[PDB]
Every structure is written in C-alpha cells, then in structure tokens.
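What's in input-v3.tsv: TSV, C-alpha atoms and all ligand atoms
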```
chain	number	residue	atom	x	y	z
X	1	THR	CA	14.46	9.04	-19.69
X	2	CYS	CA	10.98	7.32	-19.10
X	3	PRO	CA	11.29	3.49	-18.97
X	4	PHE	CA	9.25	1.18	-21.26
X	5	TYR	CA	7.53	-0.40	-18.21
X	6	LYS	CA	5.84	3.00	-17.46
X	7	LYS	CA	4.41	3.52	-20.94
X	8	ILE	CA	1.12	2.08	-22.20
X	9	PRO	CA	1.75	1.21	-25.90
X	10	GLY	CA	-0.73	2.59	-28.42
X	11	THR	CA	-1.74	5.55	-26.26
X	12	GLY	CA	-0.12	8.75	-25.06
X	13	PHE	CA	-0.43	7.48	-21.47
X	14	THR	CA	2.16	6.96	-18.77
X	15	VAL	CA	1.83	5.44	-15.25
X	16	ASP	CA	3.74	6.65	-12.18
X	17	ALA	CA	6.17	8.59	-14.43
X	18	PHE	CA	6.72	12.04	-12.85
X	19	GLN	CA	10.50	12.15	-12.22
X	20	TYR	CA	11.67	12.47	-15.92
X	21	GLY	CA	10.44	16.00	-16.61
X	22	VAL	CA	8.30	16.32	-19.74
X	23	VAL	CA	7.76	12.84	-21.28
X	24	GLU	CA	7.75	13.27	-25.09
X	25	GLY	CA	4.31	12.34	-26.49
X	26	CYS	CA	2.53	11.92	-23.12
X	27	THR	CA	-0.95	13.50	-23.07
X	28	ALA	CA	-2.18	12.00	-19.71
X	29	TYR	CA	-0.13	11.01	-16.63
X	30	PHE	CA	-1.83	8.36	-14.38
X	31	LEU	CA	-0.92	8.06	-10.67
X	32	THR	CA	-1.78	4.70	-9.07
X	33	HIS	CA	-1.40	5.81	-5.39
X	34	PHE	CA	0.12	8.39	-3.02
X	35	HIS	CA	3.50	6.72	-2.13
X	36	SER	CA	6.53	8.96	-2.71
X	37	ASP	CA	8.45	6.58	-5.07
X	38	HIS	CA	5.37	6.68	-7.36
X	39	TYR	CA	4.54	10.43	-7.16
X	40	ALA	CA	8.22	11.51	-7.22
X	41	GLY	CA	8.53	14.74	-9.17
X	42	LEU	CA	4.98	16.02	-8.67
X	43	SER	CA	4.68	19.46	-7.01
X	44	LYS	CA	2.78	22.76	-7.39
X	45	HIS	CA	4.90	23.34	-10.53
X	46	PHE	CA	3.38	20.43	-12.54
X	47	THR	CA	1.12	21.60	-15.46
X	48	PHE	CA	-0.12	18.45	-17.32
X	49	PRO	CA	-3.30	16.42	-16.61
X	50	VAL	CA	-3.00	13.85	-13.79
X	51	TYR	CA	-5.57	11.01	-13.60
X	52	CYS	CA	-6.14	9.17	-10.28
X	53	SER	CA	-8.69	8.10	-7.61
X	54	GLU	CA	-10.62	10.71	-5.53
X	55	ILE	CA	-8.56	10.00	-2.43
X	56	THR	CA	-5.27	10.36	-4.32
X	57	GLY	CA	-6.60	13.66	-5.75
X	58	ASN	CA	-7.37	14.94	-2.18
X	59	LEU	CA	-3.76	14.22	-1.21
X	60	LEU	CA	-2.30	15.80	-4.34
X	61	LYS	CA	-4.31	19.06	-3.72
X	62	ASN	CA	-3.72	19.33	0.11
X	63	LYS	CA	-0.26	17.74	0.76
X	64	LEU	CA	1.69	18.40	-2.51
X	65	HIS	CA	-0.27	21.54	-3.53
X	66	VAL	CA	-0.84	20.46	-7.09
X	67	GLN	CA	-3.22	22.94	-8.69
X	68	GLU	CA	-6.86	21.81	-8.92
X	69	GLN	CA	-7.09	22.47	-12.67
X	70	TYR	CA	-4.64	19.57	-13.41
X	71	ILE	CA	-6.31	16.97	-11.08
X	72	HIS	CA	-8.75	14.58	-12.79
X	73	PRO	CA	-10.34	12.18	-10.21
X	74	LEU	CA	-12.20	9.10	-11.50
X	75	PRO	CA	-14.63	6.87	-9.66
X	76	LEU	CA	-13.89	3.15	-9.09
X	77	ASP	CA	-15.57	0.16	-10.93
X	78	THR	CA	-16.89	2.50	-13.65
X	79	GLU	CA	-16.16	2.54	-17.38
X	80	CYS	CA	-14.73	6.03	-18.19
X	81	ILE	CA	-13.26	7.66	-21.37
X	82	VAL	CA	-9.90	9.42	-21.18
X	83	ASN	CA	-8.42	11.09	-24.35
X	84	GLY	CA	-10.66	8.81	-26.46
X	85	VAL	CA	-9.73	5.51	-24.69
X	86	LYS	CA	-11.87	3.38	-22.38
X	87	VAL	CA	-10.41	2.81	-18.87
X	88	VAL	CA	-11.55	1.35	-15.52
X	89	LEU	CA	-9.95	1.92	-12.05
X	90	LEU	CA	-10.17	-1.02	-9.62
X	91	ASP	CA	-9.35	-1.21	-5.88
X	92	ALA	CA	-5.73	-2.44	-5.52
X	93	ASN	CA	-6.06	-3.61	-1.83
X	94	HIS	CA	-2.86	-1.55	-1.07
X	95	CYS	CA	-3.07	1.81	0.82
X	96	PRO	CA	-6.08	4.22	0.80
X	97	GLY	CA	-6.84	5.51	-2.71
X	98	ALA	CA	-4.60	2.91	-4.45
X	99	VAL	CA	-5.88	1.58	-7.81
X	100	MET	CA	-5.17	-0.90	-10.59
X	101	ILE	CA	-5.90	0.49	-14.15
X	102	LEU	CA	-7.56	-1.53	-16.98
X	103	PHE	CA	-6.84	-0.04	-20.42
X	104	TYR	CA	-9.05	-1.06	-23.43
X	105	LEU	CA	-6.79	-0.22	-26.40
X	106	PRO	CA	-8.21	1.01	-29.73
X	107	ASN	CA	-6.75	-2.12	-31.53
X	108	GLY	CA	-8.66	-4.45	-29.08
X	109	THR	CA	-5.75	-5.36	-26.76
X	110	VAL	CA	-6.57	-5.23	-23.01
X	111	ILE	CA	-3.80	-4.24	-20.53
X	112	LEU	CA	-3.96	-4.43	-16.66
X	113	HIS	CA	-1.48	-2.25	-14.65
X	114	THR	CA	-1.64	-3.38	-11.00
X	115	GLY	CA	0.21	-0.37	-9.52
X	116	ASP	CA	1.17	-1.66	-6.05
X	117	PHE	CA	-1.35	-4.39	-4.95
X	118	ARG	CA	-2.10	-7.20	-2.49
X	119	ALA	CA	-3.72	-9.83	-4.68
X	120	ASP	CA	-6.95	-11.29	-3.31
X	121	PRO	CA	-9.49	-13.90	-4.54
X	122	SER	CA	-12.19	-11.21	-4.62
X	123	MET	CA	-10.36	-9.75	-7.68
X	124	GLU	CA	-11.24	-12.91	-9.64
X	125	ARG	CA	-14.95	-11.81	-9.42
X	126	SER	CA	-14.45	-8.18	-10.49
X	127	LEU	CA	-14.71	-6.70	-14.05
X	128	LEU	CA	-11.39	-8.49	-14.84
X	129	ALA	CA	-13.35	-11.68	-15.33
X	130	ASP	CA	-15.52	-10.19	-18.17
X	131	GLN	CA	-12.81	-10.40	-20.90
X	132	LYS	CA	-9.34	-11.71	-21.66
X	133	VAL	CA	-6.38	-9.60	-20.47
X	134	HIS	CA	-3.38	-9.80	-22.81
X	135	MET	CA	-0.69	-7.82	-21.01
X	136	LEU	CA	-0.03	-7.51	-17.22
X	137	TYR	CA	2.18	-4.83	-15.66
X	138	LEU	CA	2.85	-6.51	-12.27
X	139	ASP	CA	3.86	-5.50	-8.74
X	140	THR	CA	6.63	-8.07	-8.19
X	141	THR	CA	7.83	-6.87	-4.71
X	142	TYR	CA	7.63	-10.40	-3.18
X	143	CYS	CA	8.10	-12.60	-6.27
X	144	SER	CA	10.13	-15.38	-4.52
X	145	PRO	CA	8.81	-18.43	-2.53
X	146	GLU	CA	10.41	-17.53	0.80
X	147	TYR	CA	7.97	-14.56	1.09
X	148	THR	CA	5.07	-15.90	3.15
X	149	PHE	CA	2.97	-13.84	5.52
X	150	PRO	CA	-0.15	-14.06	7.62
X	151	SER	CA	-3.48	-12.58	6.65
X	152	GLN	CA	-4.11	-8.91	7.63
X	153	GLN	CA	-7.00	-10.18	9.79
X	154	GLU	CA	-4.76	-12.62	11.79
X	155	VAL	CA	-2.29	-9.75	12.46
X	156	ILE	CA	-5.10	-7.36	13.59
X	157	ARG	CA	-6.67	-9.95	15.90
X	158	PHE	CA	-3.24	-10.41	17.54
X	159	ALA	CA	-2.67	-6.67	17.92
X	160	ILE	CA	-6.19	-6.05	19.44
X	161	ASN	CA	-5.82	-8.88	21.98
X	162	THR	CA	-2.31	-7.83	22.95
X	163	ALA	CA	-3.31	-4.19	23.53
X	164	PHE	CA	-6.55	-4.98	25.42
X	165	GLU	CA	-4.67	-7.31	27.83
X	166	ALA	CA	-1.81	-4.83	28.54
X	167	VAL	CA	-4.09	-1.84	29.27
X	168	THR	CA	-6.53	-3.93	31.36
X	169	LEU	CA	-3.54	-5.10	33.47
X	170	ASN	CA	-2.24	-1.44	33.64
X	171	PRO	CA	-4.80	1.37	32.91
X	172	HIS	CA	-1.85	3.85	33.01
X	173	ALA	CA	-0.08	2.22	29.99
X	174	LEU	CA	0.02	4.08	26.68
X	175	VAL	CA	-0.19	2.35	23.28
X	176	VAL	CA	2.05	3.70	20.48
X	177	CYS	CA	2.00	2.78	16.73
X	178	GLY	CA	4.75	3.77	14.27
X	179	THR	CA	3.91	5.07	10.72
X	180	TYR	CA	5.85	6.78	7.73
X	181	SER	CA	3.46	7.14	4.81
X	182	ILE	CA	-0.17	6.33	4.25
X	183	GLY	CA	-1.24	2.63	4.50
X	184	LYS	CA	-1.69	0.23	7.44
X	185	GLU	CA	-4.26	2.54	9.15
X	186	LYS	CA	-6.28	-0.51	10.36
X	187	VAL	CA	-3.48	-1.34	12.86
X	188	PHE	CA	-4.02	1.80	14.91
X	189	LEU	CA	-7.78	2.18	14.21
X	190	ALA	CA	-8.55	-1.36	15.49
X	191	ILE	CA	-6.43	-1.02	18.65
X	192	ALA	CA	-8.15	2.34	19.47
X	193	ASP	CA	-11.62	0.90	18.86
X	194	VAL	CA	-11.07	-2.00	21.35
X	195	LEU	CA	-9.67	0.48	23.99
X	196	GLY	CA	-12.50	3.02	23.62
X	197	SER	CA	-10.22	5.83	22.55
X	198	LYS	CA	-9.49	8.26	19.71
X	199	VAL	CA	-6.06	8.13	18.09
X	200	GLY	CA	-3.80	11.16	18.83
X	201	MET	CA	-1.19	12.46	16.37
X	202	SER	CA	0.78	15.42	14.94
X	203	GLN	CA	-0.99	18.15	12.96
X	204	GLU	CA	0.83	16.98	9.74
X	205	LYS	CA	-0.39	13.35	10.17
X	206	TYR	CA	-3.97	14.49	11.09
X	207	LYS	CA	-4.11	16.55	7.86
X	208	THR	CA	-3.11	13.43	5.85
X	209	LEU	CA	-5.89	11.28	7.45
X	210	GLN	CA	-8.55	13.90	6.86
X	211	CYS	CA	-7.93	13.40	3.05
X	212	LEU	CA	-8.80	9.62	3.08
X	213	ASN	CA	-12.67	9.57	2.99
X	214	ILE	CA	-12.83	7.27	6.13
X	215	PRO	CA	-16.37	7.24	7.39
X	216	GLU	CA	-16.93	8.94	10.81
X	217	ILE	CA	-13.23	9.97	10.90
X	218	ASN	CA	-13.84	12.96	13.30
X	219	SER	CA	-14.97	10.45	15.96
X	220	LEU	CA	-11.76	8.37	15.53
X	221	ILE	CA	-8.79	10.78	15.50
X	222	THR	CA	-7.59	13.96	17.29
X	223	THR	CA	-4.62	16.38	17.61
X	224	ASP	CA	-5.16	16.51	21.40
X	225	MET	CA	-2.52	13.96	22.50
X	226	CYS	CA	-3.49	14.35	26.16
X	227	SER	CA	-7.06	13.11	25.65
X	228	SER	CA	-6.09	9.82	23.85
X	229	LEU	CA	-4.48	6.48	24.85
X	230	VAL	CA	-3.27	5.42	21.43
X	231	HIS	CA	-0.65	7.74	19.89
X	232	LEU	CA	1.03	7.73	16.42
X	233	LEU	CA	4.75	8.46	16.01
X	234	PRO	CA	7.24	8.30	13.11
X	235	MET	CA	8.54	4.74	12.61
X	236	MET	CA	12.07	6.09	13.42
X	237	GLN	CA	11.10	6.89	16.97
X	238	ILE	CA	9.85	3.31	17.81
X	239	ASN	CA	12.95	2.30	19.83
X	240	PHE	CA	13.66	2.29	23.58
X	241	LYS	CA	15.30	5.75	23.52
X	242	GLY	CA	12.52	7.48	21.54
X	243	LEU	CA	9.74	5.82	23.51
X	244	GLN	CA	11.35	6.82	26.94
X	245	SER	CA	11.67	10.42	25.62
X	246	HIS	CA	8.04	10.41	24.53
X	247	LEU	CA	6.87	9.11	27.93
X	248	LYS	CA	8.63	12.16	29.53
X	249	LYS	CA	6.75	14.53	27.17
X	250	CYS	CA	3.24	13.33	28.21
X	251	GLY	CA	3.21	15.00	31.64
X	252	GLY	CA	3.58	11.76	33.65
X	253	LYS	CA	0.03	10.71	32.64
X	254	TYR	CA	1.39	7.28	31.62
X	255	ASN	CA	3.87	5.05	33.37
X	256	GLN	CA	4.40	2.38	30.63
X	257	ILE	CA	4.47	2.03	26.79
X	258	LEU	CA	3.39	-0.84	24.60
X	259	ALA	CA	4.45	-0.14	20.97
X	260	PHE	CA	3.83	-1.72	17.57
X	261	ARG	CA	6.17	-1.65	14.53
X	262	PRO	CA	4.27	-2.78	11.47
X	263	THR	CA	6.91	-3.94	8.99
X	264	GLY	CA	7.22	-5.61	5.63
X	265	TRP	CA	8.76	-9.07	5.70
X	266	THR	CA	12.08	-9.46	7.69
X	267	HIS	CA	14.10	-12.74	7.94
X	268	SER	CA	12.12	-14.52	10.88
X	269	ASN	CA	8.78	-15.00	8.84
X	270	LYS	CA	10.36	-18.32	7.80
X	271	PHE	CA	9.67	-19.96	11.33
X	272	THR	CA	7.37	-17.98	13.62
X	273	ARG	CA	3.44	-18.22	13.47
X	274	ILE	CA	1.64	-15.02	14.62
X	275	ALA	CA	0.53	-16.68	17.87
X	276	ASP	CA	4.21	-17.30	18.82
X	277	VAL	CA	5.29	-13.69	18.63
X	278	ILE	CA	7.00	-12.21	21.70
X	279	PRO	CA	8.25	-8.62	22.04
X	280	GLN	CA	11.57	-7.02	22.85
X	281	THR	CA	11.43	-5.42	26.34
X	282	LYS	CA	13.61	-2.88	28.27
X	283	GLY	CA	12.12	-1.96	31.63
X	284	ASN	CA	8.71	-0.30	31.28
X	285	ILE	CA	8.71	-0.28	27.39
X	286	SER	CA	7.75	-3.27	25.21
X	287	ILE	CA	7.86	-3.31	21.37
X	288	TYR	CA	6.24	-5.85	19.02
X	289	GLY	CA	7.30	-6.39	15.38
X	290	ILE	CA	4.14	-7.33	13.37
X	291	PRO	CA	4.23	-8.44	9.75
X	292	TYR	CA	1.36	-6.37	8.26
X	293	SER	CA	1.80	-6.43	4.44
X	294	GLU	CA	0.01	-4.34	1.76
X	295	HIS	CA	1.78	-6.30	-1.06
X	296	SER	CA	1.01	-9.78	-2.40
X	297	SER	CA	2.77	-12.79	-0.85
X	298	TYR	CA	4.38	-15.16	-3.41
X	299	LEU	CA	1.42	-17.59	-3.18
X	300	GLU	CA	-1.16	-14.72	-3.52
X	301	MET	CA	0.67	-13.29	-6.59
X	302	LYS	CA	1.01	-16.78	-8.22
X	303	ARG	CA	-2.71	-17.54	-7.68
X	304	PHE	CA	-3.81	-14.23	-9.28
X	305	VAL	CA	-1.52	-14.55	-12.33
X	306	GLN	CA	-2.47	-18.30	-12.94
X	307	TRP	CA	-6.12	-17.20	-12.85
X	308	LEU	CA	-5.65	-14.22	-15.17
X	309	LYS	CA	-3.52	-16.16	-17.75
X	310	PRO	CA	-1.82	-13.18	-19.40
X	311	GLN	CA	0.09	-13.52	-22.73
X	312	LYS	CA	2.84	-11.24	-21.50
X	313	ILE	CA	4.06	-10.02	-18.08
X	314	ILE	CA	6.01	-6.79	-17.55
X	315	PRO	CA	7.40	-6.47	-13.98
X	316	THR	CA	7.40	-3.06	-12.28
X	317	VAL	CA	9.46	-3.88	-9.11
X	318	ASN	CA	13.13	-5.09	-8.81
X	319	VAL	CA	13.75	-4.43	-12.54
X	320	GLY	CA	17.09	-2.61	-12.07
X	321	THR	CA	19.34	-5.74	-12.04
X	322	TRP	CA	19.66	-8.62	-14.58
X	323	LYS	CA	19.87	-11.24	-11.88
X	324	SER	CA	16.46	-10.09	-10.53
X	325	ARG	CA	14.88	-9.95	-13.97
X	326	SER	CA	16.14	-13.46	-14.82
X	327	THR	CA	14.85	-14.98	-11.59
X	328	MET	CA	11.40	-13.46	-12.11
X	329	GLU	CA	11.28	-14.74	-15.71
X	330	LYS	CA	11.96	-18.30	-14.37
X	331	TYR	CA	8.93	-18.16	-12.01
X	332	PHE	CA	6.67	-16.74	-14.70
X	333	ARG	CA	7.59	-19.75	-17.01
X	334	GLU	CA	7.02	-22.22	-14.19
X	335	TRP	CA	3.54	-20.77	-13.50
X	336	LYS	CA	2.60	-20.85	-17.21
X	337	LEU	CA	3.75	-24.53	-17.62
X	338	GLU	CA	1.80	-25.61	-14.53
X	339	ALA	CA	-1.42	-23.88	-15.47
X	340	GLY	CA	-1.37	-24.62	-19.23
X	341	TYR	CA	-1.42	-21.07	-20.85
X	401	NI	NI	3.10	1.58	-2.53
```

Kindly present the structure from the file in structure tokens form.
Amino acid sequence: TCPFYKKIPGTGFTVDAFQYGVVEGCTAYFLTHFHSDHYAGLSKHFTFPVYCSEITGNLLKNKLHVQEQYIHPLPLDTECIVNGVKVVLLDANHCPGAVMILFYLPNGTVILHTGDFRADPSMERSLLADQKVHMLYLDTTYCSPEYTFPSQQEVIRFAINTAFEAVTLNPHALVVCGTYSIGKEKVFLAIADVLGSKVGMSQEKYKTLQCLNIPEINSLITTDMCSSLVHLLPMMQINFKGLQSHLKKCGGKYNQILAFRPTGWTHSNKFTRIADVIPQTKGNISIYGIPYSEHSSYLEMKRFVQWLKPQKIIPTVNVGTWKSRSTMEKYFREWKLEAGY
C-alpha cells in the first residue's frame, strides 16, 4: 500500500509511487528522477500517465521501454496545468533530469516536493520566492550534523589536478572512473577535458548518456575503448583485482591505472580536507576515494528550510524507523525556534 508521504493531498497525484501496483484514486503519477528506488515498478507494462522532465522521459522510453503514449514531459521553470491543477518543475541540482515539483492546490495551499536534491542558495532566487510554501516534502538523506562535505567544485578541481599530474608524469597511464547509475557525470567529463580525450565506455552506458541532452555529447564520449584515455567501469570493479584484469584487456596499451571512486559520505569526512587526500596503492594501480555528493549536506539543508519557513515538513528519506523519525523531528523544531517561524 502507497504511503502518505507519496500522496499530494487534494489531488489525484502521487510522486515516485510505482511499486504498489494500481494506486486507488491516482490519475497522474509524477517521477522526480531516473534512480531505480524512485522508478521501481515502471516497465513496458505500465499504462497510466507519467509526468516528468524531458531527460527523464528519454530514459523511460529508451532504457525501460515505457510506451510513448504514457510519457508526458514538461519543461522546467514554466507554469503548466495537469488534470486541472497548476504545477511547476524546478531543477533539483541532483542527477541529470532530476526535478523538484511545486503544486498550487485548488484550495490555495502551496506544496513543494524536493524529490532528491542538493540544496543551493540559487534556489532562494527561483519561483519559490514568489509566494509562501505551506508544506515541504523533504529529501532528508543527510539530516544530521556530522554530514559535512566539500563543494562539487573543490572535488572536481582536485580530480583534474590529480589526473593531469599523473598522466604528464606517465603518458602510458590510463584513468578509470567508477559509476552505477546516472549522476556525477562531471567527474569523468572534467578529467577527460583536461587530458584532451573522449571518455570510453560500454554500449549500455553510452546509450544512457545519449539520453541526457548534454551539449556536444558526440565530441565527448565513445564506445571505442582503444581510442580513449579515460574509461568508465562499474563501481564494483574499482578494486586492485578488477583494475589489474582491466589493464590486461587493453592490449598492453597502458602500463598503469589511476582510478577514482566517487562516493557518498563515509566515516573519514569528519577530519580530512580535500587537499589532504591520499590514495590507496598496490603496485602500478592507485585508487582515490572522492566525496562527490548530489544530496544536501546538513548545513545546506538547514539553510534552505530556514529560508523557506514551511508550516509543515514531511520527510521522504529514513522514514522506516521511529528512532530516525524522532531524531529528524528534533532538528526541525530546533531550526524553527532559531529562525522564528
Ligand atoms: Ni536519487
């Protein structure tokens, strides 16, 4: 049965609610982004209207084989009508195609559903500023003060400098980047751009990237592994064993690997500045763990919510345990007392 946190009250709308079969009373199913926990249940067998961004629609058609008749793409930053209700999709600063949805209810209530997001100050100067938002459905992935991380830009600058140095020292070194879903494409795109290369990958991953509306993409990526000095592999294969095996496959064209593992947070974010990062090394393979997040830090989340001043918050992440719900409720009350709403 569909949870209350996936229903928009006073409409027949749901958000990210595809794993429950037919939801009784639902006339329009929104999909915030193409991550499998959110699209779970969608397939060529789905026959109700799905509303989403253009990029998400491209993925639904080509990767999941959802029939075109049921895909309803909407543009961003544009007031649209769906089933007699005014809605706006906003960029979520998550993965490609990911949106937040603003619902303008017939009774006059305004609801923001963030989907998955990485809060940013630029959101305080969007259409959200034009009116009061009463209810917030919030991505609470990192809703605890220990979760700090660097900016995306600091992480990219580190990755670019690291790769340029290693390949200038050894022109026969290969760079490898791990991946398992869409998101975090700037890691590999920026390293390839500094090295004057295309990015090589599997046919399945190339197909995915060709759905993302990236300008000039044919100049940036290829399925010809041989021609390229930045390669993508599944995250699972970024270990000494998998990287040695891969080096064997390339026809001795490279004698060394430098690899990146973009992660979420792990325990050592608590001490180590990006400049201090050092890799794990075994012989001619070195691997760097880099904390590249597409979710809000605690401080980013707190800033956004204290700016928005919602009357009610409904979390969408870590809601399966009481302990987690209680802890989140405590932070929400702190933030409200501090900021005066
Ligand atoms: Ni996501």

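Using only C-alpha atoms, the residues found no farther than 10 Å from residue 200 (chain X), other than those of its own chain fewer than 6 positions away, are residues 176, 192, 206, 220, 221, 222, 223, 224, 225, 226, 227, 228, 229, 230, 231, 232 and 233 of chain X.
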
Selected residue, from X:300, X:291, X:318, X:277, that lies nearest to residue 153 (chain X) when counting only C-alpha atoms:
X:291

Within 8 Å of residue 31 (chain X), counting all atoms listed in the file, which residues show up once you throw out same-chain ones fewer than 5 positions away? Write them as a PyMOL selection string, please.
chain X and resi 15-16+38-39+50-52

In Å and to one decimal, CA of residue 2 (chain X) is distant from CA of residue 23 (chain X) by 6.8 Å

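Note that the spacing between CA of residue 42 (chain X) and CA of residue 69 (chain X) amounts to 14.3 Å.
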
Kindly indicate which residue among X:317, X:28, X:238, X:123 lies nearest to ligand NI 401 (chain X), using only C-alpha atoms and all ligand atoms for the distances.
X:317

Judged by all atoms listed in the file, the minimum distance to residue 105 (chain X) among X:183, X:9, X:320, X:41 is found for X:9

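Interatomic distance, CA of residue 256 (chain X) to CA of residue 285 (chain X): 6.0 Å.
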